[PDB]
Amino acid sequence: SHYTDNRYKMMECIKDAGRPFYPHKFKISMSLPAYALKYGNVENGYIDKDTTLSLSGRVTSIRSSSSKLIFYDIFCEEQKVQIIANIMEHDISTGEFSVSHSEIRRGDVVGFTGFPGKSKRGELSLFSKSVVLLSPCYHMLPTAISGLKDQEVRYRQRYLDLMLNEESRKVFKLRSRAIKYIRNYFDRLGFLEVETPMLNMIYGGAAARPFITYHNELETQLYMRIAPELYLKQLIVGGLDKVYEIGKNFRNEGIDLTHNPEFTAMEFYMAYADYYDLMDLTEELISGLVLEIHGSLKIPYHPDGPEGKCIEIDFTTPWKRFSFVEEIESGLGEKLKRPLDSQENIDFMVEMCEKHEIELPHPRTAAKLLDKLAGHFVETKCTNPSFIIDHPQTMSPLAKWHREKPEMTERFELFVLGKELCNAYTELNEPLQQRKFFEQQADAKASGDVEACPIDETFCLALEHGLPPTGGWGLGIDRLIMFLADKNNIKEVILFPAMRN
């Protein structure tokens, strides 16, 4: 592009002519938002020639109306301000007027000094005496994201999206706001926020394939964590009673509209809670947060982008419960075989998948087949926030056996519009069973289940020191933002999402 080349040449001409080249420090008098706050309500034509002020931002517009007069718009911290540069007011010690302004291009980061007020037409303005080129833009910028080459430019060059698209900036402010609300909710309950390792000698705490790496000096392989669950429960053994953690998990899996290989999760562990308590807390936290952002519990959503239809999500509590096995059997019209992990039920579930054209998982463990059946018959019923509850033990190796239902656990997942938001349970705190389920996990992994975890002996030893009855819970922060901010693509709520190619 000839434009980038010429700009470099211009900057070389500036630097070798002794003129301002990338000044180190520009001292603004106030922000542009502060400027609009102080001066936005003056009368049209008002100017305070007794006050000199320095302002800075990115040039979004240049218009020379005459040989004597140049109009700029600059933008900074969500505020636009017009600069009126009149040759009569020009500080000639900064160079001749026409030379000073010939160095400026739309998109440049620049400073101005001048008198505050309002043009006779009512535009909030600075009547400038000087202009300083702080940081030039070397590329021709479009006017909006609509002028970009493709819309993947928004994700690969996020600075362009943030520069040109106010809706993108709003998303990441909302994301911060929601996380603040969430922290405050648990801080007020007396929780302690902790950090537990993202480098693990043994990965665990979820059904997910890990990233593998290696520590040279300790001569050992490590896994990026797929979940903090196993460390956090050890803190409850240690007596901290209420802990939470907000941070990244790493899952070496495919990317789609609701999966990024790193994502932000919150987990908390509350001694003496069970999953009934956790269901009530989930409803209270999420509906409070929805109310905080939206002013009611019925919020809009565009499932096919904003050129599509607009639906309503109703967060009114209490939310519907679906029982895992019962809702599958209602969809099938017959019962699963018992025990659920028998070879007989495994064969039956295979024949049910092929009957209902459900893509088989690999390998064909009972847990993975149950999950496929659930995704087909149950998760698709979850339009408004719904709990899917009481998952079979065989697919929940860390959830405590259900106090009433054989073969099930005290577990729930929260689903919104068929997408999973939360995973939670009464915690398994019995070491014999826990060891047994770890062995079954290790067996599945050895059979090719890349989402099954190895046995963690350190964790079994911790349970032998006595984990109090405890309730635990995990939430996908990014997926929460998708719903709060009305995005159907997770790449909209992560600043630098993973991209192919």
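We call the rigid core the largest set of C-alpha positions that still match within 1.5 Å between the two forms. Quick note: we count residues from 1 along the sequence shown, nothing fancier.
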Comparing 307-315 with 204-212, larger root-mean-square C-alpha distance from this form in 6 other deposited structures of this protein, core superposed, belongs to 307-315
RMS over structures and residues, CA atoms, rigid core fit in 6 other deposited structures of this protein: 318-326 vs 256-264, larger is 256-264
Comparing mean C-alpha B factor in the record for 235-243 and 348-356, the higher one is 348-356
Avg C-alpha B-factor, entry values, 7-15 vs 476-484, higher side is 7-15
Based on the PDB entry, the highest CA temperature factor among the options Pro142, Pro397, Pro228, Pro392 is that of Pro142
From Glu420, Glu152, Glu262, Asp277, the top C-alpha temperature factor is at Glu152
Chain-relative C-alpha B factor for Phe97 (record values, thirds): the highest
Of the three thirds of the chain ranked by Cα temperature factor, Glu292 occupies the middle
Assert third(CA B-factor, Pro33) within chain per record equals highest
Of the three thirds of Cα B-factor ranks in this chain, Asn429 occupies the lowest
Chain thirds by Cα B factor, record data; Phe115 belongs to the middle
